[PDB]
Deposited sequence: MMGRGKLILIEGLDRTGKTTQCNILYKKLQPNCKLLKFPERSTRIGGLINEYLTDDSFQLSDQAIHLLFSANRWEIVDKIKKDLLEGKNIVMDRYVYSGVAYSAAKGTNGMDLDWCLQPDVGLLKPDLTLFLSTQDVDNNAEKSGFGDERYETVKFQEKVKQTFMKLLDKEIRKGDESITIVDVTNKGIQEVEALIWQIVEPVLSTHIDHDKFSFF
């Protein structure tokens, strides 16, 4: 059938980018690697500013919508590649979008408001949340990181309770690159082997 959309979510420095590259290289040549935010586009450009320069002041709602817009500008290419039989591994997506913004506790910006902009976007066939027991960019402070992990758990737990079986939480506490690799593969392989119709897609 069509390729699979695999997502790996988690806190900055949990081994996310590494396991993504590892999974990507192991799925060649019919696999593409996608990173969010996608900083090479014009919208991704303002997102890069915001994250690397605090003089660039932008309200919480504005930057939030830019992050969702950034996914919407690329989504059509994703759907296309999947149809051409290629697999796609993503480093962050909708879940990071909601969590990092909701952890701020800004008036009006709760979990539900935060998701809305992303409603209609392609939903991953499988989402892996890597969890455990710098400072260059805006959200890089131990105190904030603790809050987003709290929100992440709140969000995912809600979705799983609601019946979403495509979400799997992997505890990578004190485990090596290859042990974590084996854990992830133990989960992804069986989904790569299931046949999915070209016409079947899930959306947020």
Exercise. Which parts of the deposited chain sequence are absent from the coordinates, listed in sequence order?
Worked result: 1-2, 136-145
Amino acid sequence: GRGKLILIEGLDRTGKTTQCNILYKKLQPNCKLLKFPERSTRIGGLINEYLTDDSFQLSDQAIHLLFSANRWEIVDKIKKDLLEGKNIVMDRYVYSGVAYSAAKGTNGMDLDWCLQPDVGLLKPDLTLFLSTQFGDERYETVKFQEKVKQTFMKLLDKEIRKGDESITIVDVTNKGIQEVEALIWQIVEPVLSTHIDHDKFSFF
From here on, numbers count along this sequence of modelled residues.
Seminar exercise, completed: Looking only at C-alpha temperature factors in the entry, 79-87 or 101-109, the higher average sits in 79-87
Exercise. Between 164-172 and 61-69, which has the larger average Cα B-factor in the PDB entry?
Worked result: 164-172
Exercise. Looking at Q116, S96, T127, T132, which has the highest Cα B-factor in the entry?
Worked result: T132
Seminar exercise, completed: Entry record, C-alpha B-factors for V148, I47, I177, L155; the maximum is at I177
Exercise. Is the Cα B-factor recorded for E38 in the lowest, middle or highest third of its chain?
Worked result: lowest
